[PDB]
Structure formats: structure tokens, C-alpha cells
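Residues per chain are reported as follows:
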Amino acid sequence: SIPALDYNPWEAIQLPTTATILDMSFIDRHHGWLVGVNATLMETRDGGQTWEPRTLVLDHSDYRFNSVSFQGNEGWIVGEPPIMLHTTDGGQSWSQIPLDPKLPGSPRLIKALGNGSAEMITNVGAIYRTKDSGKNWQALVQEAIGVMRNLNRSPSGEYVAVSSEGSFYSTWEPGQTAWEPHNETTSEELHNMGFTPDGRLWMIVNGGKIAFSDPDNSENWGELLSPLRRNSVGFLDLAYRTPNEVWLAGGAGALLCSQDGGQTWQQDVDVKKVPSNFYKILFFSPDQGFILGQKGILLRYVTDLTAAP
């Protein structure tokens, strides 16, 4: 079995809820919001150590809040069935923005660009942009691609979308008028994909394997790596805290850390006790990170008091 990690930086926090949390975003170091199932909406003022519920005046509370994104005090929330909320004062007040009924599918992701601009993607891949605080939306891609298994965004605004059956993945970048399908890269079933901090792609495929794209050609993939060397445990999300430290979350309390960019892995055994699947990792800076779970449990990253840099 792989070596145990020396320090466990992940602290469990019980939110005042049992809803599953789906996304999180910070205005600044201390002031942030998280969202989830059942119109769950909570605020922190102390960097995510403590969270306060916020109730919205909605027509109903069955909304699934999928995505929250801030740029400064300007913030956006989208969910299903189609709903979009906007704030200009860091969430002190939230306004509902009417969506076009002709929107194909429901909003899955929203990205605040600041100064009234935002980009939104539906769960079938329609991409819309606003420059006027949501009054008007330009369609950047209307040719839908079907339900996505996972969707991630690069720093330069590229998107990668895993197809519904994991048979392929699709990419899009500003300028393109349709998603680009990428077929037969792997013989394995794709689960999740995203971007590294050096401009490569990563993928999790079913069976607990991962791979990184070739820096010479993002169409080509390196060897399938098995972080645990056993096929038994599948992974759900991968995220970098720094260019070299990668965290990988999976089923059955699996949480692995690599300090060399994903070649060698150690296991965080202290979190096997925590009763939640770890479905999503978010780092906001090298000292601020969260692992999103079920039953209102949230892991918070706590920097090592004996590590110097």
C-alpha cells in the first residue's frame, strides 16, 4: 500500500445543513459563498472556518444551485430548473435575472468576468456571454452536444467537457463556433477532465487511473498511471494546490496527495474516517482550499504550522 502522508491538512467542518454542496467562490480572502442542493446558500466572513445560511425569496426551494462565481463584489449563481441570481454588493442582496425560455437545457456553470460581463454554459453545452449584467445574452455556441458528465474551465477561458457516456471529451475556446470532439484518445471510460497549471490536460478514467496530456501535443496522452496501484478505488476530482502539489479525491474516503506533479502519491489516511464522498476539490490560493462533500460536511485546508514556505 502507498505511503501515508505525514501531515493531514484537511479539517472537517459540519455545515448547518445536510444538503450536498455543489460549488464555492470567494469575493476575497475572507468573504465567500457556497451553494448546493435545495437552494442551499451560505456565506462566510472568516475565510471559510464558519458559514451562515442565507435564505432567498424564491418562488420555490427545489432549485439545485450548480455554480457560483464572483469577481470582486459582483457575483452570479445559476441552477436548475433554470434560475440565475446576480449581486453587485458581495451578496448583501441578490436579484433574480430572467432567463430566455429558449435556453437549451439548464445552466450548469457561470463564470464572473467582472464589470457586468459573465459567461454561462448549459448542461448540453450551449455557451452564452453577457456584457451588460445579464440584460442581454449573446450565443457563442448553439449547437448542443448532449449532457456533459463533467465540465472544467482553463485560466484562458477554454472549456473541456466529458461526454455523457465517457466515450469522448469535447473542447471549446473563445473564437470557436462549435465544440471540438476528441475521439479514441483512450480506450477507457472517461470520468473527469481539467487543466493543469502548465497548460496540459488531465483525465480521470474509471478504474482509478489518471493521465496527463503530452506537452508537445494536447491530442496525445501519456501512460495511464494508477496512483494506488490497485484498480479497486475510483477517483472523482483532481486539483492543484501549487504547480507541484496535486490532490486526488475518490470513493471510500480516498484522498491522495502528490508532491511531484502526479508521478508519486501518498495517501491521507486521517480522512478515511470522514463519512462523505469527496466529490470536488477547490483551491483558491496555496493556503485556502476546500473539499466539497455530502451531509453538509466540508473539508478545509489548514496550512502546516511546521512547513516554512
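Residues numbered from 1 in each chain as written, not as in the entry; some residues may be left out. Heavy atoms only, no water. Residues with missing side-chain atoms left out of burial classes, pairs and counts.

In the PDB header, X-ray crystallography is given as the technique by which the entry was determined, and 1.860 Å as its resolution.

Asks: Explain the overall build of the protein chain to me, please; I cannot follow it from the model alone.
Replies: Counting secondary structure elements, the protein chain contains 0 helices and 28 strands. For the protein chain, whose C-alpha radius of gyration is 19 Å, the value lies close to the compact-globule estimate of 19 Å for 309 residues. Taking the principal axes of the C-alpha coordinates as reference, the protein chain spans close to 55 × 45 × 35 Å. For the protein chain, restricting intrachain contacts to residue pairs at least 6 apart in sequence, the fraction spanning at least 24 positions comes to 43%. (Helix = DSSP H or I, 4+ residues; strand = E, 2+ residues; numbered from the N terminus. Rg over C-alpha atoms; globule rule 2.2 N^0.38 Å. Contact = heavy atoms within 4.5 Å.)

Asks: When you look at the pattern of salt bridges in this model, what are you seeing that I'm missing?
Replies: Oppositely charged side chains can form a pair if their charged atoms are brought close together. Summed over all chains, the structure comprises 11 salt bridges. Note that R200 and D198 form a salt bridge whose closest N and O atoms lie 3.2 Å from each other. The salt bridge partner of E245 is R241, with a shortest N-O separation of 2.6 Å. Classification of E245 as buried rests on a relative accessible area of 12%. By relative accessible area, which is 17% here, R241 ends up buried. (Salt bridge = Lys/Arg side-chain N within 4 Å of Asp/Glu carboxyl O. Buried < 20%, exposed > 50% of the residue type's maximum accessible area, 1.4 Å probe, protein only.)

Asks: Just checking my understanding: could you explain the packing of aromatic side chains for this structure?
Replies: Think of a pair of aromatic rings as described by two things: how far the centres are apart, and how the planes are tilted against each other in angle. One pass over the structure, following the stated rule, counts 15 aromatic pairs. With centroids separated by 5.8 Å and ring planes inclined at 15 degrees, the aromatic side chains of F26 and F290 adopt a geometry described as stacked. With a gap of 264 residues between them, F26 in strand β2 (residues 21-26) and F290 in strand β27 (residues 288-292) connect regions that are remote in the sequence. A relative accessible area of 10% means that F26 is categorised as buried. Using a relative accessible area of 0% as the deciding quantity, one classes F290 as buried. Relative to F290, the ring of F284 has its centre 6.3 Å away and its plane inclined at 65 degrees; by these criteria the two rings are edge-to-face. Ring-pair connections join several aromatic residues into one group, and the members of that group are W10, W247, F283 and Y301. (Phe/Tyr/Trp six-rings, centres within 6.5 Å; stacked < 30°, edge-to-face > 60°.)

Asks: I keep staring at the pairing of β2 and nothing clicks. Help me out?
Replies: In regular strands, side chains alternate between the two faces of the sheet. Of all 6 residues making up β2, 6 are buried, and the element is well covered by its neighbours. Inspection of the sheet shows β2 paired to strand β3 (residues 32-36) by 5 bridges, in the antiparallel sense. Bridging across to β3, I21 finds its partner in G36. Turn length for the β2-β3 hairpin, with the two strands adjacent in sequence and antiparallel, is 5 residues. (Pairing = 2+ DSSP bridges.)

Asks: Sorry, what's going on with the UniProt feature "short sequence motif: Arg-rich patch" in the protein chain here?
Replies: Residues annotated in UniProt with the feature "short sequence motif: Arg-rich patch" correspond here to residues 165-189. Between the first and last C-alpha atoms of residues 165-189 the distance is 8 Å; the span itself is 0% helix and 36% strand. (UniProt positions renumbered as here; feature names shortened; annotations may be inferred.)

Asks: It is not clear to me how the sheet that holds strand β22 (residues 235-240) should be interpreted in this structure. Could you clarify?
Replies: Within a sheet, neighbouring strands are paired by backbone hydrogen bonds and run either parallel or antiparallel to one another. The strand order β22-β23-β24-β25 describes an open sheet built from 4 strands, whose pairing is antiparallel. The strands lining the two open edges of the sheet, one partner per strand, are β22 and β25 (266-267).

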